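>>> show me how the following folds:
(chains A, B and C, ligands or ions: 4)
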Amino acid sequence: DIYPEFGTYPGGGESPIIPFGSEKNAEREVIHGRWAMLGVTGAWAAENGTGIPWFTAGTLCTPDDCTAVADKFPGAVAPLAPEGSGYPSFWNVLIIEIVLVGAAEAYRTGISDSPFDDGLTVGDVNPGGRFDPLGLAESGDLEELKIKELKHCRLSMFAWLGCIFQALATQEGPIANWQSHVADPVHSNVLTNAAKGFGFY
Amino acid sequence: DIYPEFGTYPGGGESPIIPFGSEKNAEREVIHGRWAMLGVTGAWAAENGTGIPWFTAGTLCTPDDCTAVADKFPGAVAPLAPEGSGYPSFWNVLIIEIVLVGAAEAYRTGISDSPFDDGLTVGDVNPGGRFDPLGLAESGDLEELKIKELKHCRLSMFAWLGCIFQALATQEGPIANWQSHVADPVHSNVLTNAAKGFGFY
Amino acid sequence: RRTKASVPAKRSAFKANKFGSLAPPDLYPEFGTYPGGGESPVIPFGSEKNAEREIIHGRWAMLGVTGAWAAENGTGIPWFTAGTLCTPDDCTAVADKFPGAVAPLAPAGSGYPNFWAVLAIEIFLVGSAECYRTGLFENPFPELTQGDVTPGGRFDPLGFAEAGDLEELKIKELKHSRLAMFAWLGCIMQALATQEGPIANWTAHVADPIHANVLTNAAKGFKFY
Ligand code: CLA
Ligand code: CLA
Ligand code: CLA
Ligand SMILES: CC1=C[C@H](O)CC(C)(C)[C@H]1/C=C/C(C)=C/C=C/C(C)=C/C=C/C=C(C)/C=C/C=C(\C)CCC1=C(C)C[C@H](O)CC1(C)C
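Residues are numbered from 1 along each chain as shown, chains lettered A, B, ... in the order given. Ligands and ions are numbered 1, 2, ... in the order given. See the structure here:
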């Protein structure tokens, strides 16, 4: 069996708890997983590198101050910024964020015409035409690789939901919570935190 | 076109996010919308004219005392109560509103027969048999006015949802949150209040 | 050893005699309808499995509501804090929690329910039963069907199912199930809002009915505003 766990891939199955409904729901699922995966690994890396929890990283960069981000990146040869000048600013990045992500979005979904105009079809999660220069889509069992990615997608989203609920309850951070649990698993758990209260009880 | 924004009205096509399901859902959407129109408009007007938050307005009338509600109307020529505080009462307002709203609801749905004795049909929204003393429904484009009503329904409900979550976070009031936003658009928003922790973090 | 294969001819210690239906011919005049007898009033029927899921959550929530009720009546400890008693450390306390208990789970001294001991027994018993109920493990009782919430063989030793009308009893259980689940939801929301046990909230609400309500505690912000 390809998918021995509880649920099954959309292509074949029944979706036991929630009905399958639209196929756009499956499109969203994959995209949510492909995103949350990047989010979870980014929160992991930010906690490991800087010790700053992900959920307050936005406090760092603000309209008045967005210079602190420059010195955070570990092992960089020169800063992010022009040193004292600190050209990077919240708005400086924001205009860049909105234009670049909006272009990437729209050329993905087909709100605007595809610039690549290379036969790629919008509304498919797996293009496999240009976004795989390495050819791992072409080679190997492509369907099995869709399965693995899906599994990683669902795991990462569930871990993301865990991360947000741990940020709400513990207020410490994902990796800080991981270190607390590993240092002592018996007396550092969700139920131990509930016994102590989540800061509200 | 008719519905250029995201999504569509019940007859326009398939729902993007939640499948349409039962036909009664459209009726619930309209009724909830109209109640949210009333609710948002009341929350605005009471906060603008008086200044009390709508959410704490519940505590203001209580069976210990419901005279603070009296005379708290802008430009009120006629007092709500006599000079006597005893005549106005929380249960006096409650009993009449229970019987009036229960009658209105039962007549609208058909638990009890229509006293109006009109062509207005139960299990139906905006019959228009008598609810529109002015014939601009039929004189104007009835379908255009219906889609306009529905767009205002969805706007008012989404705004009411935002109002309740702002009350839970900001605890200052919807209109008062508006005032804070315009007073300082960049230092007063969600992200700033999240940096403050919504009063809990 | 030879094969005897005699006739047991044993009767149930108690076997309820036919009592039929004790309900009116109308069976769900309440809001909504039982599954397999009409259209779901509001929420869409997710799957055929959802009926059995409703039954299981219902029976579990019945048992949970009665447990919180009896625990608070017998000890005064709220259900949501009763977990803090039996822990890997100092699970001795959890023992003497039953009013009138001739003996303690923890005899005086070291003798005691260990959390891990209790836990290990809990996994080995409850998980086994949970699996045997569902398609996991196998079927130790072939005469019964795994995946059926109403087996009604060895699981009704008193035979109420066959003694009365089966389907009215089924809907009666379903109504009790939905009532107890909604009551359980009320209990968790009350625990969140007031930080006091269900029977404590009940007592506060019956001593002075006019105050000690949702809206009274809301006037204080549910201790958060
Ligand atoms: C938002 C992301 C997302 C999306 C769009 C989907 C969509 C889908 N999944 Mg995927 N999945 C997700 C999350 C998601 N899932 C996560 C996190 C897990 C890990 C538990 C899985 C695990 C999973 C399995 C194992 C299976 C699916 C299946 C399916 C399909 C059936 C369900 C459906 O159509 O309704 C989609 C409806 C929703 C996504 C709404 C969910 C609503 C609940 C209430 C969410 C609860 C968490 C929520 C975010 C909490 C709020 C937090 C907030 C307070 C901050 C569909 C294609 C099944 C399938 O393909 O069948 C063939 C299948 O077998 N998925
Ligand atoms: C209770 C109010 C309500 C109701 C009954 C409906 C019902 C409907 N809408 Mg409307 N709609 C609403 C709210 C509502 N909508 C709001 C606020 C918006 C603006 C965001 C819209 C925007 C909208 C669009 C754009 C479209 C619809 C469509 C539809 C139909 C699709 C079926 C559906 O939604 O399932 C019934 C509803 C549900 C199953 C909703 C469950 C709740 C969801 C998952 C999350 C909501 C969060 C919740 C408020 C959190 C509360 C927490 C708080 C208590 C603390 C149906 C007629 C579609 C349509 O007509 O297609 C033909 C369509 O295209 N609606
Ligand atoms: C988890 C328990 C549970 C389950 C599995 C079901 C399942 C079912 N019910 Mg039952 N029911 C329940 C609870 C439940 N119900 C409760 C508590 C009540 C009393 C209010 C009822 C009352 C009821 C009636 C009156 C009827 C049904 C019907 C049905 C069927 C159709 C609905 C469906 O498939 O979608 C199930 C979908 C859901 C359960 C999703 C709803 C989720 C909301 C948001 C509630 C979440 C609860 C809570 C706020 C979570 C807190 C989280 C915590 C972290 C704070 C199905 C067998 C109908 C039927 O049989 O049709 C023929 C019918 O007529 N049920
Ligand atoms: C379905 C549908 C159809 C209609 O169309 C419309 C509609 C709106 C009615 C809609 C309805 C939806 C809804 C409202 C769903 C809600 C479901 C819910 C709330 C289920 C709860 C299920 C709850 C369980 C199993 C709990 C078991 C509890 C146990 C073991 C406790 C054990 C225990 C005890 C004794 C005391 C110790 O201290 C410790 C612990 C705590 C361990």
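>>> does the residue nearest the centre of chain C count as helix, strand or coil?
Nearest to the mean C-alpha position of chain C, counting by C-alpha atoms, centre = their mean, stands residue C:63 at 1.8 Å. Three-state call for residue C:63 (DSSP: H, G, I helix; E, B strand; the rest coil): helix.
>>> how close does it sit to ligand 4?
With the distance defined as C-beta to the nearest ligand atom, to the nearest Å, residue C:63 ends up 6 Å from ligand 4. No exception for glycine: its C-beta is placed from N, CA and C like everyone else's.
>>> same question for residue C:43.
Relative to ligand 4, residue C:43 is positioned 4 Å away (C-beta to the nearest ligand atom).
>>> what sits against that residue?
Taking C-beta atoms under 8 Å, 6 or more residues apart in numbering or on different chains as the contact definition, residue C:43 lies against nothing.
>>> measure it to residue C:50 for me?
With distances defined as C-beta to C-beta, to the nearest Å, the gap from residue C:43 to residue C:50 amounts to 9 Å.
>>> likewise for residue A:110?
For residue A:110, the distance to residue C:50 equals 37 Å [C-beta to C-beta].
>>> go on, residue C:67?
Distance from residue C:67 to residue C:50, counting by C-beta to C-beta: 25 Å.
>>> who's in contact with the residue in chain C that chain A sits nearest to?
Residue nearest to chain A within chain C (C-beta to the nearest C-beta): residue C:84, separated by 4.8 Å. Residue C:84 makes contact with residue A:195, according to C-beta under 8 Å, 6+ apart.
>>> please enumerate the helices of chain A.
Assignment of helices within chain A using DSSP state H yields the ranges A:23-50, A:57-60, A:68-72, A:90-109, A:142-169, A:174-183, A:190-196.
>>> what residues does chain C put near chain A?
Listed as neighbours of chain A in chain C under the rule C-beta under 8 Å from any C-beta of the partner chain: C:44, C:46, C:47, C:49, C:83, C:84, C:87, C:88, C:89, C:195, C:224.
>>> skip the chain neighbours and tell me the closest residue to the second one.
With sequence-adjacent residues excluded and distances taken as C-beta to C-beta, 6 or more residues apart in numbering or on different chains, residue C:46 is closest to residue A:19, at 6.1 Å.
>>> burial of the one you found, as a residue count?
13 (other C-beta atoms under 10 Å in any protein chain shown).
>>> how many neighbouring residues does residue A:141 have?
Around residue A:141 there are 10 other residues, counting by other C-beta under 10 Å.
>>> now do residue A:168
By other C-beta under 10 Å, 14 other residues sit near residue A:168.
>>> what ranges do the helices span in chain C?
Along chain C, the segments classed as helices by DSSP H run C:48-74, C:115-122, C:128-133, C:160-163, C:166-194, C:198-207, C:214-219.
>>> so which of those comes closest to residue A:201?
Shortest distance between residue A:201 and these, using C-beta to C-beta, is found for helix C:166-194: 8.9 Å.
>>> close to chain B, is the closest one?
No: with C-beta under 8 Å from any C-beta as the threshold, helix C:166-194 lies outside contact range of chain B, at a closest distance of 13.4 Å.
>>> how far off centre is that helix?
The chain centroid and the centroid of helix C:166-194 are separated by 9 Å under C-alpha atoms, centre = their mean, to the nearest Å.
>>> other SSEs contacting that helix?
Counting by 3 or more C-beta pairs under 8 Å, 6 or more residues apart in numbering or on different chains; DSSP states H and E, the packing neighbours recorded for helix C:166-194 are helix C:48-74, helix C:198-207, helix C:214-219.
>>> buried sites along it?
For helix C:166-194, burial by neighbour count (16 or more other C-beta atoms under 10 Å in any protein chain shown) applies to C:167-175, C:177-178, C:180-181, C:183-184, C:187, C:190-191, C:193-194.
>>> next: stretch C:2-14.
Going by 16+ other C-beta under 10 Å, stretch C:2-14 has no buried residues at all.
>>> nearest to chain C: which residue in chain A?
Checked against chain C (C-beta to the nearest C-beta), the nearest residue in chain A is residue A:195, 4.8 Å away.
>>> excluding chain neighbours, give the residue nearest to that residue in space.
The nearest residue in space to residue A:195 (C-beta to C-beta, 6+ apart) is residue C:84, at 4.8 Å.
>>> the one you found and ligand 2, how far apart?
According to C-beta to the nearest ligand atom, residue C:84 stands 28 Å off from ligand 2.
>>> how close does that residue get to residue C:201?
Distance of residue C:84 to residue C:201, computed by C-beta to C-beta: 19 Å.
>>> about what we covered before: closest to ligand 3 out of the helices and strands packed on helix C:166-194?
Closest approach to ligand 3 among those is made by helix C:48-74 (3.7 Å; C-beta to the nearest ligand atom).
>>> what about that closest one and ligand 3, touching?
Yes: using C-beta under 6 Å from any ligand atom, helix C:48-74 reaches ligand 3 at C:50, C:51, C:53, C:54, C:57.
>>> same thing with stretch C:14-28?
No: taking C-beta under 6 Å from any ligand atom as the criterion, stretch C:14-28 and ligand 3 are apart, separated by no less than 7.7 Å.
>>> what residues does stretch C:4-24 touch?
Outside of stretch C:4-24, the residues that reach it under the criterion C-beta under 8 Å, 6+ apart are C:157, C:158, C:159, C:160, C:162, C:163, C:164, C:165, C:168, C:169, C:172.
>>> same question for stretch C:72-79.
Applying C-beta under 8 Å, 6+ apart, the contact partners of stretch C:72-79 are C:64, C:67-68, C:71, C:85, C:97-99, C:187, C:191, C:196-200.
>>> could you redo the last one with a cut-off of 7 Å?
C:67, C:68, C:71, C:97, C:98, C:99, C:191, C:196, C:197, C:198, C:199 (C-beta atoms under 7 Å, 6 or more residues apart in numbering or on different chains).
>>> now it: how far from the chain's centre is it?
For stretch C:72-79, the gap between its own C-alpha mean and the chain's C-alpha mean amounts to 17 Å (C-alpha atoms, centre = their mean).
>>> can I get it in CSV? Just the C-alpha atoms.
What follows is the C-alpha trace of stretch C:72-79 in CSV, where atoms were taken according to Å, rounded to 0.1, in the frame of the first residue of the first chain:
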residue,chain,number,x,y,z
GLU,C,72,-17.9,16.5,42.1
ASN,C,73,-20.8,15.2,44.3
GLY,C,74,-18.6,12.7,46.1
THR,C,75,-15.3,14.7,46.5
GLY,C,76,-16.0,18.3,45.4
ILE,C,77,-13.0,18.2,43.0
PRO,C,78,-13.8,19.6,39.5
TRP,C,79,-13.3,17.1,36.7
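>>> so who does the nearest residue to residue C:82 once chain neighbours are set aside touch?
For residue C:82, ignoring the flanking residues on the chain, the nearest one in space by C-beta to C-beta, 6+ apart is residue C:71 at 6.0 Å. The neighbours of residue C:71, taking C-beta under 7 Å, 6+ apart as the test, are C:77, C:79, C:82.
>>> just the buried ones among these, please.
Buried residues within those, counting neighbours by 16+ other C-beta under 10 Å: C:77, C:79, C:82.
>>> ok, back up a step: surely the residue nearest to residue C:46 and residue C:48 touch.
No: using C-beta atoms under 7 Å, residue A:19 is not in contact with residue C:48, being 11.4 Å away.
>>> what is the burial count for the nearest residue to residue A:65 once chain neighbours are set aside?
Computed as C-beta to C-beta, 6+ apart, the closest residue to residue A:65 that is not its neighbour in sequence is residue A:90, at 7.7 Å. A count of neighbours around residue A:90, defined by other C-beta under 10 Å, yields 18.
>>> roughly how far is stretch C:54-74 from the heart of the chain?
In this view, stretch C:54-74 has its centroid 4 Å away from the chain centroid, taken as C-alpha atoms, centre = their mean.
>>> what do you get for stretch C:15-35?
20 Å.
>>> for stretch A:63-81, same thing?
The chain centroid and the centroid of stretch A:63-81 are separated by 22 Å, computed with C-alpha atoms, centre = their mean.
>>> so which bits of it are buried?
Neighbour counts using 16+ other C-beta under 10 Å place A:66, A:67, A:69, A:70, A:72, A:79, A:81 of stretch A:63-81 among the buried residues.
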